[PDB]
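Chains W, S, B, A, E and R, in that order, give the protein sequences. Those letters in the first sequence? Residues 17 to 29, 33 to 50, by the entry's author numbering. Those letters in the second sequence? Residues 9 to 158, 192 to 212, by the entry's author numbering. Per the entry's author numbering, the very first residue in the third sequence carries number 73; after that it's consecutive. Per the entry's author numbering, the very first residue in the fourth sequence carries number 89; after that it's consecutive. Per the entry's author numbering, the very first residue in the fifth sequence carries number 227; after that it's consecutive. Per the entry's author numbering, the very first residue in the sixth sequence carries number 6; after that it's consecutive. Heads up, the beta-carbon is just placed ideally off N, CA and C, and yes, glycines get one too. Encoded as structure tokens, the structure appears first; notes follow it.
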Amino acid sequence: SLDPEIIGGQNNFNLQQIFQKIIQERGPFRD
Amino acid sequence: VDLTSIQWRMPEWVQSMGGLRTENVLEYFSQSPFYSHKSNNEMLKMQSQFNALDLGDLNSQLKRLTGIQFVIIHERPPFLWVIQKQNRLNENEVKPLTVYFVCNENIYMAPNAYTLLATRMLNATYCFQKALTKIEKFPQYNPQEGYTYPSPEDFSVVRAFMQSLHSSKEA
Amino acid sequence: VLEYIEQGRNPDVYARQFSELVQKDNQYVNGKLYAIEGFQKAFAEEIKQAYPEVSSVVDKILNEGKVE
Amino acid sequence: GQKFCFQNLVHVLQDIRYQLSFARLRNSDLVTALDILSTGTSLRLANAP
Amino acid sequence: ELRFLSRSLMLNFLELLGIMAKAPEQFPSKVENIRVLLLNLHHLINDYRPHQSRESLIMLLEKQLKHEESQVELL
Amino acid sequence: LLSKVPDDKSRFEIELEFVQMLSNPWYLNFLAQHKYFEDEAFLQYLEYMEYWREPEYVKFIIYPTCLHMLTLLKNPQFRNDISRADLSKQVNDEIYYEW
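Pasting the structure below:
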């Protein structure tokens, strides 16, 4: 039949992007 | 279907026959949308069924015939050939209706000077109108402040920094 | 031929080209058939040493091609 | 006609070889399929600068 | 049944060579023999695959479990 | 405001094929040159293409790239750089290598 199987791309193998995101989400860093 | 902007060729056909020839240039032309099947060369091809022919025969029978004909205007064996869609109502006088371009196993429209220069001008115009329309909304006019687009102590703060920096760089 | 006479060419040239061509194509085809002949014989011997159990079959294959 | 025979045979053999590639089936790339479960091609992104 | 079809194909080709060197216009029949033999070979190999895809999935799931237990123990 | 003239079945055949087009990088480059990214309607239609990531729907899509391509195109600076020919070649070459 059809049973749900759980697999999460375990075969396949950054803070600058984090910074840019937070920069757009709360504007300046200082606050 | 606009015939002039487009660039056509069939390398499969060329390889099927082999090399690029005079006569194969006219056949290649026959495969192209440029050629018209009501053509006089097509009527001749229909009249002879799997027999040898000759080329001097080809031009001499083109003139003998009256109507739309495709001939070779200039020929260069290695790479490029020149064809024109000339229409002769009578022999020895022909009105060229179109010219056609052949190059590196490729057929092209080779269009009229007016349409080329005109389209060029049209592009340039369009650039102008777009740039001006973008700029015209932007600038601000106040009558005392002037035209605007949306202190020396601080300047001295900067001088202090740049001098600090030059110092650290020299070090 | 009519074309040749038309252009002033000698019709005897046509007759020459065709007899010549008969000989030429004759040899050509004949040798093509031989080329596949040898190819088959090679393939049958190689099969025989490789797959001896069917040697009877392959011999029956060569015998069925021929005339009574 | 005999020559035409030879050639014609070669073309038929090529054609059936073509049908041959059309008939085989190859084991699934489950990797790509699982990546596309999560709606990206994880491969093409990680790999590419 | 496979091996059989294959050796058979071999033989049918030998036949083909013959009918080329003896009577070329007869080949359509024989190349048909060939064609059905190849197509059957393939259809049957295809019948083999679904189990192979399943067991490959098995080996993959086994890899995930191994990463899981190893990661748990490391933690 | 011309009245819409769509077909139901046809537009999911079509939206499938369009997603596929999005897989091609050269099509993205032409698309950018034609300044289709200037239109907000286009970008809303892109989000409408997000329906194609759903399992029953994605089960139909043929070329996976498009999906990735789509997430790539959500950055506008990326849109102006797929206007660029150089980056276009970079993208094509990147697939070609993965392939």
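Approximately 6 Å separates the beta-carbon atoms of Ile-91(S) and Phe-37(S); this is inside 8 Å, confirming the contact.
When DSSP states are grouped into helix, strand and coil, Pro-104(S) belongs to the strand group. The DSSP-derived three-state label of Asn-102(B) is helix. Proximity of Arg-114(A) to chain R, defined by a Cβ-Cβ separation below 8 Å, is not satisfied. If you draw a straight line from the Cα of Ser-44(S) to the Cα of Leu-73(S), it is about 16 Å long. Taking a C-beta distance under 8 Å as the contact criterion, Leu-92(R) and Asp-86(R) qualify as a contact pair. The three-state secondary structure of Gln-92(S), taken from DSSP, is strand. Counting along the chain, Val-24(R) sits inside the alpha helix (DSSP H) bounded by residues 13 to 28. The beta-carbon separation of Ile-124(A) and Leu-72(R), rounded to 7 Å, stays under the 8 Å limit for a contact. Contact between the segment 114 to 121 of chain B and the segment 239 to 250 of chain E is present: 3 or more CB-CB pairs across the two stretches fall below 8 Å. In the displayed model, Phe-109(S) falls within a strand according to three-state DSSP.
Proximity of the segment 6 to 26 of chain R to the segment 59 to 71 of chain R meets the contact definition, three or more beta-carbon pairs being nearer than 8 Å. Where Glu-44(W) is concerned, the enclosing alpha helix (DSSP H) starts and stops at 34 to 45. DSSP, reduced to helix, strand and coil, places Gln-77(S) within a strand of the structure shown.
Fewer than three Cβ pairs drawn from the segment 34 to 47 of chain W and the segment 227 to 234 of chain E lie within less than 8 Å of each other, which leaves the two stretches out of contact.
In terms of beta-carbon proximity, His-293(E) lines the interface with chain W, with at least one pair separated by less than 8 Å. Burial is judged here by how many other beta carbons sit within 10 angstroms of a residue's own beta carbon; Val-33(S) has at least 16 and is buried.
Close to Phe-239(E), with beta-carbon spacing below 7 Å, lies no residue of chain A; the smallest spacing is near 10 Å.
Residues of the segment 48 to 76 of chain S that bring their beta carbon within less than 7 Å of a beta carbon in chain B comprise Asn-59, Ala-60, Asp-62, in sequence order. Spatial neighbours of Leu-63(S) in its own chain (CB-CB distance under 8 Å, excluding positions within 5 residues in sequence) are listed in chain order as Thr-30, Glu-31.
Distance between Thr-123(S) and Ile-80(S), taken at the CA atoms: about 24 Å. Straight-line spacing of the CA atoms in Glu-75(B) and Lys-53(S) works out to 15 Å. Exposed is the label assigned to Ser-192(S), since fewer than 16 other Cβ atoms lie within 10 Å of its Cβ. A Cβ of chain E is located within less than 8 Å of the beta carbon of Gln-26(W). At a beta-carbon threshold of 9 Å, the residues of chain W lying near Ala-134(A) are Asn-28, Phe-29, ordered along the chain.
Contact check between the segment 106 to 125 of chain A and the segment 272 to 286 of chain E: three or more CB pairs, one atom from each, fall below 8 Å, which counts as touching. Here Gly-244(E) is buried, its C-beta having at least 16 other C-beta atoms within 10 Å. Contact between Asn-135(A) and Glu-103(R) holds, with the beta-carbon distance rounding to 6 Å and staying under 8 Å.
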